[PDB]
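Chemist: Dumping the structure here so I can ask a few things about it.
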Amino acid sequence: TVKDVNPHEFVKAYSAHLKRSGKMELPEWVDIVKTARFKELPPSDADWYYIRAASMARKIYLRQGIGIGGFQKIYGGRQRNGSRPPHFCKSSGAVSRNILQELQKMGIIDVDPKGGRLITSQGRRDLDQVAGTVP
Amino acid sequence: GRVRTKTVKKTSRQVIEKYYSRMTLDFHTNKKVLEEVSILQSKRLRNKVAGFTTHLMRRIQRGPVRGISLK
Amino acid sequence: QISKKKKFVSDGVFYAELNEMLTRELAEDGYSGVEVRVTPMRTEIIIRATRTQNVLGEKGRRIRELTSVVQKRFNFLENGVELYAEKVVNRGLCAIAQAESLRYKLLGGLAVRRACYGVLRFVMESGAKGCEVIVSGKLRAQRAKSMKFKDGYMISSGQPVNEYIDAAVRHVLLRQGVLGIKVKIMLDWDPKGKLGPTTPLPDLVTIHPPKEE
Amino acid sequence: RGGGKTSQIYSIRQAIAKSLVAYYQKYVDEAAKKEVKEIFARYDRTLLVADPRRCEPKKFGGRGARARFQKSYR
Amino acid sequence: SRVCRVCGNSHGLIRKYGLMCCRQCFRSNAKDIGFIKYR
Amino acid sequence: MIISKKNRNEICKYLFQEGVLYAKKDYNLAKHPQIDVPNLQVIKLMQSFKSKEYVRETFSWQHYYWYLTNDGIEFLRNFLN
Amino acid sequence: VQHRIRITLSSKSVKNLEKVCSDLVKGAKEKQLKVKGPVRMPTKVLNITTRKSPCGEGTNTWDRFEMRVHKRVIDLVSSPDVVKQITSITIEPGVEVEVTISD
RNA sequence: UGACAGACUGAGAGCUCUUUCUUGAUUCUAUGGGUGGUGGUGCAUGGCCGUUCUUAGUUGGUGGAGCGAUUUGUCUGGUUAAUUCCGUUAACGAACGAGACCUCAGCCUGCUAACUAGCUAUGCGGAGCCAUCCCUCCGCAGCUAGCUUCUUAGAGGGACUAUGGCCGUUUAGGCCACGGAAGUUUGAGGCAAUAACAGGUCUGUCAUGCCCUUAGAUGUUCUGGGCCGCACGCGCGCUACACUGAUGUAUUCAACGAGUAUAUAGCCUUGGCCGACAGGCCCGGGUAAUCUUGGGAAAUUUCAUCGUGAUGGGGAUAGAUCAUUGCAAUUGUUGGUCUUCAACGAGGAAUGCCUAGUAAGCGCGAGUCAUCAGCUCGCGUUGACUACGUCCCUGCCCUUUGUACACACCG
Ligand SMILES: [Mg+2]
Ligand SMILES: [Mg+2]
Ligand SMILES: [Mg+2]
Ligand SMILES: [Mg+2]
Ligand SMILES: [Mg+2]
Ligand SMILES: [Mg+2]
Ligand SMILES: [Mg+2]
Ligand SMILES: [Mg+2]
Ligand SMILES: [Mg+2]
Ligand SMILES: [Mg+2]
Ligand SMILES: [Mg+2]
Ligand SMILES: [Mg+2]
Ligand SMILES: [Mg+2]
Ligand SMILES: [Mg+2]
Ligand SMILES: [Mg+2]
Ligand SMILES: [Mg+2]
Ligand SMILES: [Mg+2]
Ligand SMILES: [Mg+2]
Ligand SMILES: [Mg+2]
Ligand SMILES: [Zn+2]
């Protein structure tokens with residue numbers, strides 16, 4: 001299944017799935033937002049939203065009940081403060097919330113009582129289907 | 001540097017004198033014997049005193065020796 | 001509701017504050033310790049001193065006052081906090097009482113060396129392994145000097161210092177300056193527990209004599 | 001679990017090695033576990049024995065176990 | 001607006017765990033409170 | 001010190017019932033517990049009774065412990081009792 | 001008639017705590033009660049590092065102070081009166097006894 | 001004694017004045033005397049700390065030598081990290097320091113246990129699939145455990161140089177080696193002698209002598225300013241000078257700690273929604289192995305973009321603007337957004353720290369704290385080069401020796 005495929009080629013395969021599998025909405029700020037306070041430029045690849053989606057539905061598929069203030073820590077990283085020492089900074093909550101809301105508006109994941117987000121039965125199904133098709 | 005100090009050396013000789021018969025040439029049994037005859041405040045002190053008594057018996061079983069007076 | 005960390009820290013702070021109080025009142029009384037034992041519904045606070053009559057006073061008016069004010073300051077439930085007055089088993093093996101004695105002799109005007117050897121001899125006659133008395137300050141002169149009086153066994157490094165040494169520091173407000181008294185007392189091995197520590201010195205050996213049959 | 005990436009890899013190494021030794025100990029044979037023990041312990045003695053090396057604590061007067069703050073005289 | 005409970009001083013105050021003592025009074029009373037020097 | 005007769009009256013009645021008293025050093029606390037007064041007067045009339053040895057004082061390291069004395073109980077009885 | 005009684009003990013000294021902790025367990029072993037304990041919880045070390053000098057001169061040297069706090073739990077099934085019969089023996093100084101009723 | 005309206009005032013200080021209500025022996029006036037003082041003096045002191053001093057050193061009793069100061073003991077030699085030990089011996093017998101000791105880390109499928117730690121099996125739930133079962137990956141619940149390996153913390157055990165070889169009075173010891181978790185005292189700390197310093201601290205202490213002041217105050221409190229000012233010299237540092245890299249994806253592995261009734265949701269904050277960020281609103285947990293937090297850290301790994309260019313290295317200086325904390329942010333508290341793109345091309349003479357999970361690299365926690373960490377104290381992560389010596393330089397210990405030094409060669 002998903003743990004038998006390398007997580008790089010799998011995310012490439014899934015992020016190609018959501019592309020040619022129907023569609024989802026895409027905000028009217030996707031081309032301008034940096035995805036993190038500490039980032040320097042927006043994501044280099046124009047097809048990053050889908051990557052960020054395919055990489056992100058694998059998080060809920062291997063875990064259970066992850067909020068947004070946990071995804072911000074997931075995709076946060078090192079922030080360099082110029083002449084002061086660098087520290088750890090969290091990414092932006094707007095993209096994190098929006099991709100989950102879209103996965104809801106496709107039925108891959110759903111919000112969870114007791115808080116958090118959980119993979120759906122059908123969302124589990126297509127992830128293992130696509131996993132079956134990765135070299 | 002593993003020089004044994006005065007307490008260990010003195011106690012080793014002075015326990016050799018009192019019980020020559022109940023000691024032997026094995027370290028471990030000598031450990032137990034020394035635990036059955038004297039009151040020491042650390043396991044490391046016991047292991048050190050028993051280690052100095054065991055080769056003292058090896059050289060006693062070899063030949064003569066200084067101040068300890070075996071009957 | 002209070003956590004465990006803050007509970008234990010407050011307990012220790014209470015004991016520190018209480019003792020640093022009770023060393024002001026029971027000064028010319030031989031004060032020698034306080035112990036806070038907590039029972040259900042009650043907290044016993046055994047004061048111990050060398051002259052229990054003095055802390056008790058006349059028909060216990062002083063102990064009544066102490067109980068009442070300890071209750072009121074530290075917001076104990078009323079009638080929940082009580083004080084007692086035990087007496088130190090050996091006055092001559094406690095450096096708090098001995099330092100206070102020396103303090104009072106000094107402030108009386110007694111010559112320094114006479115008082116210090118008096119303290120020394122009393123501690124040695126009460127069965128202590130050794131004693132050390134340090135007196136420091138302006139003794140007879142404008143330059144400060146210190147005199148050390150020693151006797152018997154005395155150890156200063158390692159772990160047993162904590163359990164085999166009883167030490168006390170006390171100021172003297174003699175005219176024209178301040179004197180410092182340091183009293184160190186080496187206690188002796190007492191498996192009973194009444195007079196000294198139970199565990200022997202880390203370098204001490206006991207070969208049972210070779211019984212014969 | 002625990003440690004870092006290299007430390008986890010070495011822990012897993014030791015896990016396969018000691019697990020195989022214990023399996024041949026308890027279920028296969030005492031002689032053919034000696035075999036595999038000798039092949040494992042001729043290559044590297046720390047597929048079976050772990051490193052007692054730990055991170056030495058830090059002491060004041062410098063930022064590190066052994067390093068000290070740079071000293072200036074004038 | 002935050003002083004040592006033992007001396008009412010304003011510098012080197014230890015507010016951790018709720019002590020509220022200055023760094024010198026805490027040293028003088030550390031053993032009585034129960035803080036042991038192990039290492 | 002300028003204190004109303006009512007305020008000192010309550011300081012003496014509370015000094016009566018138990019005989020013991022404490023303040024803190026916090027100056028201008030503005031409401032002593034156990035009795036109604038800004039905690040300045042309490043200190044400042046114990047500062048009088050100490051001078052007349054009606055009360056024996058322990059500075060308690062700047063925190064003010066007061067115990068009524070056999071000499072001052074006889075004075076204070078003729079005052080509110 | 002049988003509840004779920006949890007008795008929690010805290011101390012600064014290991015041995016004085018473990019004496020009482022064993023005493024309770026054995027006092028509840030004579031009554032053929034279900035004693036699920038003692039459960040040991042991670043020692044909490046309260047640490048304060050302070051400069052030795054009062055005046056800031058010389059080598060900067062520190063002393064690290066520590067309070068170890070130990071947390072034991074004993075589990076019982078009984079009525080609160082039988083346990084109060086048991087947790088009424090002589091308790092060493094410094095030990096906290098804080099019996100409650102779990103859900 | 002308290003107070004209205006204007007002046008007085010920064011002031012809504014009845015401070016002071018115009019006006020006369022209010023209040024009653026608490027006050028006022030002088031003498032005396034106390035009191036306060038982060039006032040002076042650390043060269044009057046106490047306590048504490050640092051250093052001499054990281055080394056092995058120090059001292060009585062009795063006896064010996066000397067007129068005496070003094071000396072021996074406390075030593076020729078071997079040995080030790082050690083005034084450690086063997087031994088020698090006008091000394092014998094002892095006291096401290098070293099060691100022992102205590103803390104942490106290292107081993108234990110052995111003991112005690114554990115629903116506030118989990119692993120295992122079985123059941124039900126999902127998803128894949130030669131599909132019906134089996135197989136794999138997760139979820140969930142218990143009277144599953146002949147469960148405690150992993151986690152926690154208690155009791156103990158374990159190493160003693162024990163065994164072997166060689167060197168050595170073939171003593172004390174030393175080197176080598178199998179074994180072993182471990183064979184530098186296993187590693188790292190805590191503790192730590194005599195004698196001393198005119199070392200630092202009166203600005204920690206209602207610790208303190210003396211002096212000074214004590215009302216027109218050096219007391220206390222309020223308001224505002226400074227402590228941060230800037231031609232310049234110095235010390236600890238942070239960021240770098242790039243490709244063994246920067247940027248942008250994907251990927252994802254720790255430990256030590258922390259969480260005051262914190263007001264009526266409040267300290268740490270999960271979860272949901274709004275927002276590009278900053279930040280906000282709502283429903284909540286936790287006084288805690290229970291909730292934050294299996295602490296989903298960074299360096300690192302991965303695939304792209306850059307291409308030897310003061311470049312996309314570097315991020316100083318500065319403009320505009322938003323938000324947060326706080327009673328108040330101005331000489332910007334701090335955090336965001338866009339813009340501005342300085343020196344710096346691996347650094348002269350000099351100089352510091354370092355011998356293994358160490359140096360160095362990387363981030364995290366706590367202290368300070370309403371807000372502010374380039375600091376300090378800890379913690380894990382990645383993990384080497386070199387040496388296994390010497391007394392050349394800087395010093396230290398012991399002996400012999402010279403001395404016109406004794407405040408002692410800074411003589
Ligand atoms: Mg860096
Ligand atoms: Mg002032
Ligand atoms: Mg001085
Ligand atoms: Mg001094
Ligand atoms: Mg002599
Ligand atoms: Mg003589
Ligand atoms: Mg003579
Ligand atoms: Mg050591
Ligand atoms: Mg001082
Ligand atoms: Mg001001
Ligand atoms: Mg420095
Ligand atoms: Mg850049
Ligand atoms: Mg990168
Ligand atoms: Mg500031
Ligand atoms: Mg901080
Ligand atoms: Mg600082
Ligand atoms: Mg000459
Ligand atoms: Mg001369
Ligand atoms: Mg010269
Ligand atoms: Zn203080």
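Just remember, in the structure tokens the first chain shown is A, the second B, etc., residues are 1-based per chain, and ligands are 1-based in the order shown.
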Go through chain B and collect every residue that DSSP, computed from the backbone, puts in helix (DSSP H, G or I); the answer should be as a VMD selection string.
Modeler: chain B and resid 6 to 18 27 to 35 43 to 62
Chemist: Once you have the residues from the selection above, write them out as a CSV table (one decimal), in the first residue's frame, restricted to N, CA and C atoms.
Modeler:
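New file out-v3.csv:
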chain,number,residue,atom,x,y,z
B,6,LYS,N,46.0,2.6,52.5
B,6,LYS,CA,46.4,2.0,53.8
B,6,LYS,C,45.2,1.2,54.3
B,7,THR,N,44.0,1.7,54.2
B,7,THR,CA,42.9,1.0,54.8
B,7,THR,C,42.7,-0.4,54.2
B,8,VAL,N,42.7,-0.5,52.9
B,8,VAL,CA,42.6,-1.8,52.2
B,8,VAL,C,43.7,-2.7,52.6
B,9,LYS,N,45.0,-2.2,52.5
B,9,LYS,CA,46.1,-3.1,52.7
B,9,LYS,C,46.2,-3.6,54.2
B,10,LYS,N,45.9,-2.7,55.1
B,10,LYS,CA,45.9,-3.0,56.5
B,10,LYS,C,44.8,-4.0,56.8
B,11,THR,N,43.6,-3.8,56.3
B,11,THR,CA,42.5,-4.7,56.6
B,11,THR,C,42.7,-6.0,55.9
B,12,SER,N,43.3,-6.0,54.7
B,12,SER,CA,43.6,-7.3,54.0
B,12,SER,C,44.5,-8.1,54.9
B,13,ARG,N,45.7,-7.6,55.3
B,13,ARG,CA,46.6,-8.4,56.2
B,13,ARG,C,45.9,-8.8,57.5
B,14,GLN,N,45.1,-7.8,58.1
B,14,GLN,CA,44.6,-8.1,59.4
B,14,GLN,C,43.4,-9.1,59.4
B,15,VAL,N,42.8,-9.3,58.2
B,15,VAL,CA,41.8,-10.4,58.0
B,15,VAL,C,42.5,-11.7,57.6
B,16,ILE,N,43.7,-11.6,57.0
B,16,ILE,CA,44.4,-12.8,56.7
B,16,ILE,C,44.9,-13.4,58.0
B,17,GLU,N,45.3,-12.6,59.0
B,17,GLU,CA,45.8,-13.2,60.2
B,17,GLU,C,44.6,-13.9,61.0
B,18,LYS,N,43.4,-13.3,61.0
B,18,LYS,CA,42.4,-13.8,61.9
B,18,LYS,C,41.8,-15.1,61.3
B,27,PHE,N,38.6,-15.2,44.0
B,27,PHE,CA,38.1,-13.9,44.4
B,27,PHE,C,36.7,-14.0,44.9
B,28,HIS,N,35.8,-14.6,44.2
B,28,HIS,CA,34.3,-14.5,44.5
B,28,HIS,C,33.9,-15.1,45.8
B,29,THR,N,34.4,-16.3,46.0
B,29,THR,CA,34.1,-16.9,47.3
B,29,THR,C,34.8,-16.2,48.4
B,30,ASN,N,35.9,-15.6,48.2
B,30,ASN,CA,36.6,-14.7,49.2
B,30,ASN,C,35.8,-13.5,49.4
B,31,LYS,N,35.2,-12.9,48.4
B,31,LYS,CA,34.2,-11.8,48.6
B,31,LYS,C,33.1,-12.2,49.6
B,32,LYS,N,32.5,-13.4,49.3
B,32,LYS,CA,31.4,-13.8,50.2
B,32,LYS,C,31.9,-14.0,51.6
B,33,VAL,N,33.1,-14.6,51.8
B,33,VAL,CA,33.6,-14.9,53.1
B,33,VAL,C,33.9,-13.6,53.8
B,34,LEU,N,34.5,-12.6,53.1
B,34,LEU,CA,34.7,-11.3,53.7
B,34,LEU,C,33.5,-10.6,54.1
B,35,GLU,N,32.4,-10.8,53.3
B,35,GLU,CA,31.1,-10.3,53.7
B,35,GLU,C,30.5,-11.0,54.9
B,43,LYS,N,30.3,-1.5,48.7
B,43,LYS,CA,30.6,-2.7,47.9
B,43,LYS,C,32.0,-2.6,47.2
B,44,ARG,N,32.4,-1.4,46.8
B,44,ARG,CA,33.7,-1.2,46.2
B,44,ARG,C,34.8,-1.4,47.2
B,45,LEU,N,34.6,-1.0,48.4
B,45,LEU,CA,35.6,-1.3,49.5
B,45,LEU,C,35.8,-2.8,49.7
B,46,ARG,N,34.6,-3.5,49.7
B,46,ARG,CA,34.7,-5.0,49.8
B,46,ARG,C,35.4,-5.6,48.7
B,47,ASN,N,35.1,-5.2,47.4
B,47,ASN,CA,35.7,-5.8,46.3
B,47,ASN,C,37.2,-5.5,46.3
B,48,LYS,N,37.6,-4.4,46.8
B,48,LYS,CA,39.0,-4.0,46.8
B,48,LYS,C,39.8,-4.8,47.8
B,49,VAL,N,39.2,-4.9,49.0
B,49,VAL,CA,39.8,-5.6,50.1
B,49,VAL,C,39.9,-7.1,49.8
B,50,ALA,N,38.9,-7.7,49.2
B,50,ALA,CA,38.9,-9.1,48.8
B,50,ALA,C,39.9,-9.3,47.7
B,51,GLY,N,40.0,-8.4,46.7
B,51,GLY,CA,41.0,-8.5,45.7
B,51,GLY,C,42.4,-8.5,46.2
B,52,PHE,N,42.7,-7.6,47.2
B,52,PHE,CA,44.0,-7.7,47.8
B,52,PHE,C,44.3,-8.9,48.7
B,53,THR,N,43.2,-9.5,49.3
B,53,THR,CA,43.5,-10.7,50.0
B,53,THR,C,43.7,-11.9,49.1
B,54,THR,N,43.1,-11.9,47.9
B,54,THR,CA,43.2,-13.2,47.2
B,54,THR,C,44.6,-13.4,46.7
B,55,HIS,N,45.3,-12.3,46.2
B,55,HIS,CA,46.7,-12.6,45.8
B,55,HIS,C,47.6,-12.6,47.0
B,56,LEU,N,47.3,-12.1,48.1
B,56,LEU,CA,48.0,-12.3,49.3
B,56,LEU,C,48.0,-13.8,49.7
B,57,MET,N,46.8,-14.4,49.6
B,57,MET,CA,46.8,-15.9,49.7
B,57,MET,C,47.6,-16.6,48.6
B,58,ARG,N,47.6,-16.0,47.4
B,58,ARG,CA,48.4,-16.7,46.3
B,58,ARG,C,49.8,-16.8,46.7
B,59,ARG,N,50.4,-15.6,47.2
B,59,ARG,CA,51.8,-15.6,47.6
B,59,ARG,C,52.0,-16.3,48.9
B,60,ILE,N,51.0,-16.3,49.8
B,60,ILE,CA,51.2,-17.1,51.0
B,60,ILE,C,51.3,-18.6,50.7
B,61,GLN,N,50.4,-19.1,49.9
B,61,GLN,CA,50.4,-20.4,49.4
B,61,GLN,C,51.7,-20.7,48.6
B,62,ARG,N,52.3,-19.6,48.1
B,62,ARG,CA,53.6,-19.7,47.4
B,62,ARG,C,54.7,-19.9,48.5
Chemist: List as a VMD selection string the protein and nucleic acid residues near residue E:16, meaning an atom at most 9 Å away when only C-alpha atoms (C1' of nucleotides) are counted, but skip any in the same chain fewer than 3 places from it.
Modeler: (chain E and resid 19 to 20) or (chain G and resid 48) or (chain H and resid 367)
Chemist: Please identify the residues whose atoms come within 8 Å of ligand 5, using only C-alpha atoms (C1' of nucleotides) and all ligand atoms, and report them as a ChimeraX atom specification.
Modeler: /H:61-63,72-73
Chemist: Using only C-alpha atoms (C1' of nucleotides), can you tell me which of H:2, H:189, H:146, H:139 comes closest to chain E?
Modeler: H:189
Chemist: Near chain H, which residues of chain E fall within 6 Å when you count only C-alpha atoms (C1' of nucleotides), and what do they look like as a ChimeraX atom specification?
Modeler: /E:7,24,38-39
Chemist: Pick out the closest residue to chain C from this set: B:37, B:25, B:3, B:65. Count only C-alpha atoms.
Modeler: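 Of B:37, B:25, B:3, B:65, the one nearest chain C, counting only C-alpha atoms, is B:37.
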Chemist: Applying 8 Å and only C-alpha atoms (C1' of nucleotides), which residues near residue G:96 remain after dropping the ones on its own chain fewer than 5 positions away? List them as a list in words.
Modeler: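 Contacts, in chain order: residues 8, 9, 10 and 11 of chain G.
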Chemist: Could you pull out the residues sitting within 12 Å of ligand 16, using only C-alpha atoms (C1' of nucleotides) and all ligand atoms, and write them as a list in words?
Modeler: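 Written in the requested form, the residues are residues 12 of chain E; 56 of chain G; 236, 367, 368, 373, 374, 375, 376 and 377 of chain H.
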Chemist: Write the residues you've just listed into a file as a PDB file, in the first residue's frame, and include C-alpha atoms (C1' of nucleotides) for each of them.
Modeler:
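The result, stored in selection_35.pdb:
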ATOM      1  CA  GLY E  12      18.496  38.920  41.682  1.00  0.00           C
TER       2      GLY E  12
ATOM      3  CA  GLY G  56      29.730  39.411  41.229  1.00  0.00           C
TER       4      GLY G  56
ATOM      5  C1'   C H 236      33.240  38.542  25.408  1.00  0.00           C
ATOM      6  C1'   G H 367      16.697  32.157  34.248  1.00  0.00           C
ATOM      7  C1'   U H 368      15.644  37.139  33.467  1.00  0.00           C
ATOM      8  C1'   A H 373      18.034  36.781  24.585  1.00  0.00           C
ATOM      9  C1'   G H 374      23.002  38.156  19.959  1.00  0.00           C
ATOM     10  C1'   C H 375      23.798  36.463  27.307  1.00  0.00           C
ATOM     11  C1'   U H 376      24.180  32.682  31.040  1.00  0.00           C
ATOM     12  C1'   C H 377      22.875  27.880  32.848  1.00  0.00           C
TER      13        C H 377
END
Chemist: Residues of chain G that have any atom at most 12 Å from an atom of ligand 11: could you tabulate them with the shortest-distance atom pair and the distance in Å to one decimal, using only C-alpha atoms and all ligand atoms, ordered by chain and increasing number, as a Markdown table?
Modeler:
| residue | atom | partner | partner_atom_place_in_ligand_line | distance |
| --- | --- | --- | --- | --- |
| G:56 | CA | ligand 11 | 1 (Mg) | 11.9 |
| G:57 | CA | ligand 11 | 1 (Mg) | 11.9 |
| G:58 | CA | ligand 11 | 1 (Mg) | 11.0 |
| G:59 | CA | ligand 11 | 1 (Mg) | 9.3 |
| G:60 | CA | ligand 11 | 1 (Mg) | 8.3 |
| G:61 | CA | ligand 11 | 1 (Mg) | 11.5 |
Chemist: Using only C-alpha atoms (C1' of nucleotides), determine which residues lie at most 10 Å from stretch 45-50 of chain D, disregarding the query and same-chain residues fewer than 2 positions distant; provide the list as a PyMOL selection string.
Modeler: (chain D and resi 10-19+21+37-38+40-43+52-53) or (chain H and resi 107+181)
Chemist: Which residues are near residue A:26? Cut-off 12 Å, only C-alpha atoms (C1' of nucleotides), ignore same chain within fewer than 3 positions. Put them as a compact mmCIF listing (two decimals) with N, CA, C and O atoms, in the first residue's frame.
Modeler:
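Writing done, so here's part_38.txt:
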# COMPACT_ATOMS: atom_id res chain seq x y z
N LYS A 19 -4.69 16.51 -9.98
CA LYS A 19 -4.70 17.36 -11.16
C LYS A 19 -5.69 16.85 -12.19
O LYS A 19 -6.72 17.49 -12.45
N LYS A 23 -11.43 18.36 -10.56
CA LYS A 23 -10.76 19.57 -10.13
C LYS A 23 -11.18 19.90 -8.71
O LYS A 23 -11.97 19.19 -8.08
N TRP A 29 -5.26 33.71 -4.60
CA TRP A 29 -3.99 34.21 -4.09
C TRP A 29 -2.91 33.13 -4.14
O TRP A 29 -1.86 33.29 -3.51
N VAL A 30 -3.15 32.05 -4.87
CA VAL A 30 -2.22 30.93 -4.86
C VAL A 30 -0.88 31.32 -5.48
O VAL A 30 0.16 30.78 -5.10
N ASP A 31 -0.88 32.25 -6.42
CA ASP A 31 0.35 32.64 -7.09
C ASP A 31 1.16 33.68 -6.33
O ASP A 31 2.23 34.07 -6.81
N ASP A 47 2.76 24.15 -9.95
CA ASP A 47 1.92 23.07 -9.45
C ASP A 47 2.26 22.70 -8.03
O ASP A 47 2.44 21.53 -7.73
N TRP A 48 2.33 23.66 -7.11
CA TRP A 48 2.73 23.36 -5.75
C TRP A 48 1.54 23.04 -4.86
O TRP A 48 1.65 22.16 -4.00
N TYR A 49 0.41 23.71 -5.08
CA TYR A 49 -0.79 23.45 -4.29
C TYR A 49 -1.11 21.97 -4.29
O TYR A 49 -1.25 21.36 -3.22
N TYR A 50 -1.15 21.37 -5.47
CA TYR A 50 -1.45 19.95 -5.57
C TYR A 50 -0.39 19.13 -4.85
O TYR A 50 -0.73 18.22 -4.09
N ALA A 53 -1.07 19.38 -1.39
CA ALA A 53 -2.23 18.57 -1.04
C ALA A 53 -1.85 17.09 -0.96
O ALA A 53 -2.19 16.41 0.01
N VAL A 95 -3.17 28.46 4.12
CA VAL A 95 -3.05 27.38 3.15
C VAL A 95 -3.34 26.04 3.81
O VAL A 95 -4.01 25.18 3.23
N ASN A 98 -6.99 25.72 4.14
CA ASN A 98 -7.72 25.70 2.88
C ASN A 98 -7.58 24.35 2.18
O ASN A 98 -8.54 23.84 1.61
N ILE A 99 -6.39 23.74 2.23
CA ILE A 99 -6.23 22.44 1.58
C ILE A 99 -7.06 21.37 2.28
O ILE A 99 -7.64 20.49 1.64
N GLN A 101 -9.89 21.95 3.91
CA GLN A 101 -11.27 22.21 3.54
C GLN A 101 -11.57 21.68 2.15
O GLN A 101 -12.65 21.16 1.89
N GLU A 102 -10.60 21.78 1.24
CA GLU A 102 -10.82 21.24 -0.10
C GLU A 102 -10.87 19.72 -0.11
O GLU A 102 -11.72 19.12 -0.79
Chemist: Near chain H, which residues of chain G fall within 9 Å when you count only C-alpha atoms (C1' of nucleotides), and what do they look like as a ChimeraX atom specification?
Modeler: /G:14,18,36-43,48-50,52-60,62
Chemist: Let me see the file: selected residues, N, CA and C atoms, as a short mmCIF file (atom, residue, chain, number, x, y, z; two decimals), in the first residue's frame.
Modeler:
data_model
loop_
_atom_site.label_atom_id
_atom_site.label_comp_id
_atom_site.auth_asym_id
_atom_site.auth_seq_id
_atom_site.Cartn_x
_atom_site.Cartn_y
_atom_site.Cartn_z
N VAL G 14 13.20 9.04 49.35
CA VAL G 14 12.78 7.76 48.79
C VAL G 14 12.39 6.79 49.90
N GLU G 18 8.94 4.82 50.77
CA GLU G 18 8.77 3.42 50.43
C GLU G 18 8.41 2.58 51.65
N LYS G 36 -3.50 -2.93 43.42
CA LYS G 36 -2.76 -2.81 42.16
C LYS G 36 -1.72 -1.71 42.35
N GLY G 37 -0.58 -2.08 42.92
CA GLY G 37 0.46 -1.13 43.20
C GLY G 37 1.67 -1.76 43.86
N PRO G 38 2.72 -0.96 44.12
CA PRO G 38 2.78 0.49 43.90
C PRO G 38 3.28 0.91 42.53
N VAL G 39 2.62 1.91 41.96
CA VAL G 39 2.97 2.47 40.66
C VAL G 39 3.88 3.67 40.88
N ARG G 40 4.96 3.73 40.12
CA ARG G 40 6.06 4.68 40.32
C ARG G 40 6.01 5.72 39.21
N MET G 41 5.95 6.98 39.58
CA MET G 41 5.90 7.95 38.51
C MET G 41 7.19 8.74 38.42
N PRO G 42 7.54 9.23 37.23
CA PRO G 42 8.88 9.80 37.03
C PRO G 42 9.23 10.80 38.11
N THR G 43 10.43 10.65 38.66
CA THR G 43 10.88 11.56 39.70
C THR G 43 10.92 12.97 39.15
N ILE G 48 17.34 24.66 40.62
CA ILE G 48 17.65 26.08 40.59
C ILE G 48 19.16 26.24 40.59
N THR G 49 19.69 26.94 39.60
CA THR G 49 21.12 27.19 39.52
C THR G 49 21.40 28.63 39.90
N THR G 50 22.29 28.82 40.86
CA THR G 50 22.49 30.14 41.45
C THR G 50 23.98 30.45 41.50
N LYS G 52 27.23 31.49 43.26
CA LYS G 52 27.65 31.42 44.66
C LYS G 52 27.95 32.80 45.23
N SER G 53 28.60 33.65 44.45
CA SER G 53 29.05 34.91 45.01
C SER G 53 27.88 35.87 45.21
N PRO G 54 27.89 36.64 46.30
CA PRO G 54 26.86 37.67 46.50
C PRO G 54 27.15 38.99 45.81
N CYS G 55 28.31 39.14 45.19
CA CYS G 55 28.78 40.44 44.76
C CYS G 55 29.31 40.48 43.34
N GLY G 56 29.30 39.38 42.61
CA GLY G 56 29.73 39.41 41.23
C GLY G 56 31.19 39.72 40.98
N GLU G 57 32.10 39.14 41.78
CA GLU G 57 33.52 39.30 41.55
C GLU G 57 34.17 37.92 41.49
N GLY G 58 35.24 37.81 40.72
CA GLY G 58 36.00 36.59 40.64
C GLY G 58 35.59 35.72 39.47
N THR G 59 35.99 34.46 39.55
CA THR G 59 35.48 33.47 38.63
C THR G 59 33.98 33.32 38.84
N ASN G 60 33.22 33.28 37.74
CA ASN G 60 31.80 33.00 37.85
C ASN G 60 31.59 31.51 38.07
N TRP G 62 28.91 28.53 39.77
CA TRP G 62 27.51 28.27 40.04
C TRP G 62 27.36 27.05 40.92
#
Chemist: Write out as a PyMOL selection string each polymer residue (protein, DNA or RNA) that has an atom no more than 10 Å from ligand 19, with only C-alpha atoms (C1' of nucleotides) and all ligand atoms counted.
Modeler: chain H and resi 409-411
Chemist: Atom CA of residue C:187 to atom CA of residue G:66: how many Å, to one decimal?
Modeler: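 It comes out at 26.5 Å.
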Chemist: Enumerate as a list in words all residues of chain F assigned to strand (DSSP E or B) by DSSP on the backbone, naming them with the chain letters and numbers the document uses.
Modeler: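 Matching residues for strand (DSSP E or B) in chain F are residues 20, 21, 22, 55, 56, 57, 58, 65, 66, 67 and 68 of chain F.
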